[PDB]
Ligand SMILES: *[C@@H]1O[C@H](CO)[C@@H](O)[C@H](O)[C@H]1NC(C)=O
Ligand SMILES: *[C@@H]1O[C@H](CO)[C@@H](O)[C@H](O)[C@H]1NC(C)=O
Ligand SMILES: *[C@@H]1O[C@H](CO)[C@@H](O)[C@H](O)[C@H]1NC(C)=O
Ligand SMILES: *[C@@H]1O[C@H](CO)[C@@H](O)[C@H](O)[C@H]1NC(C)=O
Ligand SMILES: *[C@@H]1O[C@H](CO)[C@@H](O)[C@H](O)[C@H]1NC(C)=O
Ligand SMILES: *[C@@H]1O[C@H](CO)[C@@H](O)[C@H](O)[C@H]1NC(C)=O
Ligand SMILES: [Zn+2]
């Protein structure tokens, strides 16, 4: 059984980073070497593991988290990072064991006039725990007066859009990110293969 | 949460929303200026109206946070600039009246036509009709006709509108707690709350007048030399001790004396340096011109142009059907989008303009990391000064020889040096008394020091005394000759061209010292000097985040505008002018007039 990595990397539409998508990978053979030898390749940084010697050991479960951010925010998909993405949308733990994969998707996720499909969380009462997801749409109360569920003074909708246009700079162009988490619990191996 | 914390969250929301709406308006504006259509005018207006409505709404919300309770200055700067009322402090009726006055004056200026006598159909506009006369004609009567007809038929239309324009602008400024509309304009240079770097609005008047006193000796000898040369060309029209007739100065107003070069060139047998033929001989195109300009900034340590710059800019005339506004402009659309719009020709002028416009781009890219409201020059004169010094280095023989456009065998003697400096002074020095005197007149009108029944009387008393220029025809108070210039009838402050001129030579002198340049300042090329580029970049990345006095100190080491670098640049000409005027009268009498007889 070959691991369904094509459904994750080659998806027609990616999720918004605030509602990042997770695909659990189990009971299959993953040629982590066949995914590294692709055309569209940019960021491929692994933590706690080695990409040269990937498909050599065994894991209990492999999680694939996919979303879209702008170019200048790919740096935040790393342990011990701060910013709107790392604090309010997608947070990696300090002891993260996995790989972060990203590539430019300006040809797919941009549109003349603006592609407003992808959102991100701009405000939140506190930072996210590692691998926490917040899809709430509660009006953020910046002041002391209650917001009553509508935007107003010191009351902002917490989600903001990117509006990707193909004429943006690289730092503002959309990037599709895939985060591979490698779990090793007290269970027999389920995912490994050359 | 404190008020300052709410303002930080408010500005956080504003930045992300302003960047999106500003980009859509800039993109729609770009599509029209590169593709002048009817559909693009509407899309430019629709996107522009949404951006202006967003600013008006955010300005009202910004005025809900009291500035006194904010202590972080970078936050106070952004709130202050967003809290600026402007015309929105007046009643809806008075703001509607003012905007109608502004549109009518702009329409009168851009559509004002003058028809030749005995032919009511052979009419000329200012551009290009009258401007061509005032720039090329040597006939005294033809220039007098263009100068007078423009002011008697278009200027007289602007006189009643300008009177009501002053009243409403002063009501707007005094409602914003300014002394008058001139004091409101001088607020661009105001700095408060930074010990050692503060600057008051009234201090600008004192610094402009103080530095201008030091310019007078150079200008008087430039004025005396020009008068003597023009007196040889028009012996019966020019007095050896009088002012220069206003219609014999090179353009419609004498704003620049550039076009007087043919009649005032010191050594008219040595040709100028024109590398245009060498560019055509080497099959240069527009991309080569901007590639060389890109190499210039890279040589001093600045980054290359973005990939989007080469892909999205319009560096050549689209030609044929697709029309475009060919005025050279540098565009900062935000979100990493930087473009240059220019219908570049293979000439030396466009070669220098490319370095000038790309200087604006380097400025925009340097402060792109600043917050949205702080992405601009330190003050109104910084951006244009940065662009000017790029063409200074790029035009030198030392630079043109290093890029293969000027022959190495070509040698430079002191006669070609004087010719170059005189050409520069006609443009740069000749405009300083014009700029200062024009803005002083507007400052005094807004301040109430000049009654309405003495507007034109005081305008020409100050032209004679300060500028050494006399009107060729007596003008009563039905005229409004100041409004006959674009900036006056289009509501633009003018002192920016005075401060920018002094800034650019302070910049150039400092960068050339960092480049270890030896010899006269005007022969300097900062190319290959990463020390000069680093010293300039330390100011460029500041944007508007720091006081302009501190931003200026990063480059030149001084906290204030200084005229000495300007005089250092022109000293070889100043000594040559003083020797030429040894048997001429230096200075001018103010009572002589070409119509006195
Ligand atoms: C310019 O506008 C015309 C009018 O519709 C259109 O045919 C043309 O494709 C446009 N060109 C560009 C470059 O947008
Ligand atoms: C001012 O606020 C900005 C954020 O808006 C912060 O980065 C900066 O450190 C603050 N400066 C001071 C002096 O508090
Ligand atoms: C601007 O005018 C508004 C009312 O239109 C007022 O609330 C605000 O205090 C004014 N601000 C200044 C700086 O004059
Ligand atoms: C700028 O130059 C560097 C080499 O110094 C190059 O790697 C980079 O791609 C260039 N940038 C662009 C936008 O061409
Ligand atoms: C700058 O350096 C380049 C080589 O890097 C050289 O070709 C050029 O002549 C130099 N120009 C000056 C003014 O030193
Ligand atoms: C130029 O220099 C020569 C000596 O090298 C001198 O005789 C001549 O007068 C100078 N001319 C000017 C205009 O400075
Ligand atoms: Zn410019």
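Our numbering is plain: 1 for the first residue shown, then up by one each step along the chain.
For all residues, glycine too, the Cβ spot is worked out from N, Cα and C.
Here is what Swiss-Prot records for this protein:
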type: DISULFID; residues: A:3-A:28; note: disulfide bond
type: DISULFID; residues: A:46-A:99; note: disulfide bond
type: DISULFID; residues: A:58-A:192; note: disulfide bond
type: DISULFID; residues: A:147-A:155; note: disulfide bond
type: CARBOHYD; residues: A:10; note: N-linked glycosylation site
type: REGION; residues: A:115-123; note: region 'Immunodominant HLA epitope recognized by the CD8+'
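When the Cα atoms are compared, residue A:147 (disulfide bond) and residue A:46 (disulfide bond) turn out to be 43 Å apart.
For residue A:3 (disulfide bond), the nearest of the recorded positions A:10, A:46, A:99, A:155, A:192 in terms of C-alpha separation is A:192.
Under the DSSP three-state reduction, residue A:10 (N-linked glycosylation site) is assigned to coil, being neither helix nor strand.
Within 10 Å of the C-beta of residue A:3 (disulfide bond) there are 21 other C-beta atoms, taking all protein chains into account. In this structure, the disulfide-bonded residues A:28, A:147 were compared by how many other Cβ atoms lie within 10 Å of their Cβ, and the smallest count belongs to A:28. Assigned with DSSP, the residues of the region 'Immunodominant HLA epitope recognized by the CD8+' (A:115-123) fall into helix, strand and coil as follows: 0 helix, 4 strand, 5 coil. If you count neighbouring Cβ atoms within 10 Å for each of the disulfide-bonded residues A:46, A:99, A:155, the highest count belongs to A:99. Of all the disulfide-bonded residues in the record (A:46, A:58, A:99, A:192), the one with the smallest CA separation from the residue listed as 'N-linked glycosylation site' is A:99.
Ranked by Cβ neighbours within 10 A across all protein chains shown, the disulfide-bonded residues A:58, A:192 are led by A:192. Taking the Cβ of residue A:10 (N-linked glycosylation site) as centre and 10 Å as the limit, one finds 8 other Cβ atoms among all the protein chains shown. Within the set of disulfide-bonded residues A:28, A:46, A:99, A:155, the entry lying nearest in space to residue A:58 (disulfide bond) is A:28 (CA atoms). Of all the disulfide-bonded residues in the list A:28, A:99, A:155, the shortest Cα-Cα distance to residue A:192 (disulfide bond) is found for A:28. Here residue A:28 (disulfide bond) is positioned 21 angstrom away from residue A:46 (disulfide bond), judged by their C-alpha atoms.
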